[PDB]
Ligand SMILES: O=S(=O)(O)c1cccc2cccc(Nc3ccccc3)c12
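Below sits a lone chain in structure tokens, taken as the form deposited without the named molecule.
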């Protein structure tokens, strides 16, 4: 499956770059790479670091929306599949839902990813 693979292709190196900063283990890498629920702070912080690296997080620590989300979606998935259209909408709506509520980017990413999973 294409979206699972492309996500891993783009994020894997970024997650690896981020591991030391949050004292992540290999299992934490795998949690993030597999898009599993982020039920430890370390996993939450590792993904947040990697999403900052991929360009999803603004200077004021918010999740990008609208046009600013597009380069990230093109990097992670591209738009060969219609489900990515729906994912883009979900990511945009979820970003609007959680922005403002979580100064800490790990908490932001926890609540963001919960939203997108349940969307």
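Positions refer to the first chain, counted from 1.
Undergrad: Of 100-108 and 19-27, which one has the bigger average CA B-factor?
TA: The recorded data point to 19-27.
Undergrad: On average, which has the higher Cα B-factor in the deposited entry, 88-96 or 49-57?
TA: That would be 88-96.
Undergrad: Could you tell me which third, lowest, middle or highest, the C-alpha B-factor of residue 74 occupies within its chain?
TA: It belongs to the lowest third of the chain when residues are ordered by C-alpha B-factor.
Undergrad: Lowest, middle or highest third: where is residue 43 by C-alpha B factor in its chain?
TA: Answer is lowest: the recorded C-alpha B-factor places it there.
Not pictured, yet referred to below: the form solved in complex with the named molecule.
Undergrad: Using the partner position in the deposited complex, report whether residue 84 sits within 4.5 Å of the named molecule, counting heavy atoms only.
TA: Output for residue 84 is yes: heavy atoms within 4.5 Å of the named molecule.
Undergrad: Residue-level question: is residue 72 within 4.5 Å of the named molecule in the deposited complex, judged on heavy atoms?
TA: Yes, contact at 4.5 Å.
Undergrad: Taking any heavy atom pair closer than or equal to 4.5 Å as contact, tell me whether residue 51 reaches the named molecule in the deposited complex.
TA: Result yes; residue 51 sits at the interface with the named molecule in the deposited complex.
Undergrad: Taking heavy atoms and a 4.5 Å cut-off, does residue 45 contact the named molecule in the deposited complex?
TA: The answer is no: residue 45 has no heavy atom within 4.5 Å of the named molecule.
Undergrad: Are 18, 29 and 106 jointly within 4.5 Å of the named molecule in the deposited complex, each by at least one heavy atom?
TA: Not one of the three qualifies.
Undergrad: Quick one: of 88, 33, 62, 94, which gets a non-hydrogen atom within 4.5 angstroms of the named molecule in the deposited complex?
TA: Spelling it out, the residue with a heavy atom inside the cut-off is 88.
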